[PDB]
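Spelled out from the first residue to the last, the chains are:
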Amino acid sequence: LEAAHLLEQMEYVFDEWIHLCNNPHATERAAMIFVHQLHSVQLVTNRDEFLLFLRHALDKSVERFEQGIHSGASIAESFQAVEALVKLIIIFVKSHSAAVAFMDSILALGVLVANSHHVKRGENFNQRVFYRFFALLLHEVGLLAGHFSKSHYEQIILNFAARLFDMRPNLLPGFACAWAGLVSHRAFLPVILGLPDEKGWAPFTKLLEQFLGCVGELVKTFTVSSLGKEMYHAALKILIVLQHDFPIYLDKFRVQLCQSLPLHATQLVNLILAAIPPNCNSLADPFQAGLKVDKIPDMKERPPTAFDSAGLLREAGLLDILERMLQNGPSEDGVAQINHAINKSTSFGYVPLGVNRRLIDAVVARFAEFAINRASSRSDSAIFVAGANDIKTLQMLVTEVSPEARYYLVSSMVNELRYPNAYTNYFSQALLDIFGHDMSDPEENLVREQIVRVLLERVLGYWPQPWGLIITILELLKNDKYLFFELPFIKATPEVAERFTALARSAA
């Protein structure tokens, strides 16, 4: 009843504020008179009444924008309503942590209004006005970087990353394009990763995994719509930027990002893997002369990882048995217990169809870590040992594991061989050892078909490949005993053989 009058008062105040911003014959002093007057005439006494005013103002800004666009006015002319709101907002944040709590409340406010216009108008949602709102706030805060303390500024950035996640394409699918532009925005993306001690890497990787996953699902459904193209192109551009500007982050969180993407999305995944650290200059041409990988310094260095492989296994309660198998050699009961946990994603008439990706990625990662400890202890300082228990543990693992499940098992190892490092080194030696194990046996031959089928898919595409990818395959080609040419898989596909032969003829 009386509540209707209150809203009409809030709307009237905001209208007067817009007119002041639009009037060129207005003095600069006029604006600060308006804001001081807001508290004296009891228009806005409490902090809640201010938020309510800002709730209604952001709502009107959206209505004003749609009004302007439909009228035929320029897009800049229609933005003046939401722009006037942001200006008033900035006035209060410079009046001063209260400022951090004030910024956070407005961010959460924008989320509420965005969700409101998506609930009330799902198909009639307009991303343009809401994107402009958050984009301006990102820009203005960046200008006030010197004002806030070093700790207060970081809190605002982290809170911004928190509020962006509250507007997921899963929860706000009609805001996906704009949300993508906010994650890739030059006022947020560089500053979140720019924070010291990698404080912003964890919030950012959460947004990105939602983003990459959103694209991946679109891609799988054979999209032709502008949405899919806009979303996929945004994915390409953001990964290209991340690779060049922040290669260390893309190297450290490589596992988490690949999981968000479907495996067959080869190009998107390749952008993550082909990334190289700035310090590394050991990148040599695989084709050149008689290149010997064993004589490389960075081949023993351990790349950084944000992946918690050890913790994920412990949480699954399978960490203890794996380490016991890495010490005591492969055990039949052990592999079977790991395999069941892998295929689990039990009751009467129940069969598993899905495979746990992350658990597999955890297991694979542990085989390399145990090789690192060995190298430090040994006088030979070699990472890979052909007669060790772990390589036989991995050997038996690939054999007894489900065909679909072994596909993810091998794909994990190939994903690890990238630029010259210990992980690339270990899995390059390990993947060949499995391929060379019991070549005469028919069952092992089938596994060899699964390995080449994965490798062939990665090199089939016309794009820069990882270093370790080419290195491993060339060794698989150059070696006589491997007889890759006369593998029943290579005998099966003529077109794949054509592509492979071209690589074999470039294999100087």
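Residues numbered from 1 in each chain as written, not as in the entry; some residues may be left out. Heavy atoms only, no water. Residues with missing side-chain atoms left out of burial classes, pairs and counts.

In the PDB archive, X-ray crystallography is given as the structure determination method for this entry, at a resolution of 3.200 Å.

As recorded in the PDB entry, the protein chain goes by NOT1 and comes from Chaetomium thermophilum. The title given to this entry in the Protein Data Bank is "Structure of the NOT1 superfamily homology domain from Chaetomium thermophilum".

Trainee: Please clarify how unusual backbone geometry should be interpreted in this entry.
Mentor: Comment: phi is negative for the bulk of residues other than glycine, and the bulk of peptide bonds are trans. You will see that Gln-42, though not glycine, has its phi angle at about 60°, which is positive. Among the structural elements, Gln-42 can be located in the loop between α2 (29-40) and α3 (47-71). Even without being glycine, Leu-483 reaches a positive phi, approximately 40°. Tracing the chain through its elements places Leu-483 in the loop between α24 (467-478) and α25 (494-506). (Helix = DSSP H or I, 4+ residues; strand = E, 2+ residues; numbered from the N terminus.)

Trainee: Can you walk me through the domain arrangement of the protein chain in this structure?
Mentor: It is common to give the size of an interface as the accessible area that goes away when the parts come together. Under the domain assignment, the protein chain is made up of domain 1 (1-283) and domain 2 (284-508). Listed as interface residues are 23 residues of domain 1 and, on the opposing side, 28 residues of domain 2. Of all the secondary structure elements, the ones that give two or more residues to the side of domain 1 that touches domain 2 are α13 (247-252), α14 (254-260) and α15 (266-273). Residues belonging to the side of domain 1 that touches domain 2 are distributed by class as follows: 13 nonpolar, seven polar and three charged. (Domains from an automatic or database assignment. Contact = heavy atoms within 4.5 Å. Nonpolar A, V, L, I, M, F, W, Y, C, P; charged D, E, K, R; others polar.)

Trainee: Explain the side chain of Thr-205 here, please?
Mentor: By secondary structure assignment, the location of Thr-205 is in helix α11 (residues 201-220). A residue is classified by how much of its surface remains accessible, and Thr-205, at 8% relative accessible area, is buried. For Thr-205, the residues in contact, after removing those within four places along its chain, are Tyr-249, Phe-253 and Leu-257. (Buried < 20%, exposed > 50% of the residue type's maximum accessible area, 1.4 Å probe, protein only.)

Trainee: It is not clear to me how the environment of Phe-34 should be interpreted in this structure. Could you clarify?
Mentor: Residue position: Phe-34 is located in helix α2. Distance from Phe-34 to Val-13, taken between C-alpha atoms, is 9.6 Å for residues 21 residues apart in sequence.

Trainee: Just checking my understanding: could you explain the pattern of salt bridges for this structure?
Mentor: Side chains that differ in charge, positive against negative, can pair when their charged atoms come close. Tallied over the entire structure, the rule returns 14 salt bridges. A salt bridge links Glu-416 to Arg-254; the nearest nitrogen and oxygen atoms lie 3.0 Å apart. Take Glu-416 and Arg-254: they sit in the same class, and that class is buried. Put simply, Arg-374 and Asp-390 hold a salt bridge, and the shortest N to O gap is 2.3 Å. Here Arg-374 is found in helix α19 (residues 357-377), whereas its partner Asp-390 is found in helix α20 (residues 389-400), with 16 residues between them in sequence. When its relative accessible area of 14% is taken as the criterion, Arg-374 is described as buried. (Salt bridge = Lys/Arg side-chain N within 4 Å of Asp/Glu carboxyl O.)

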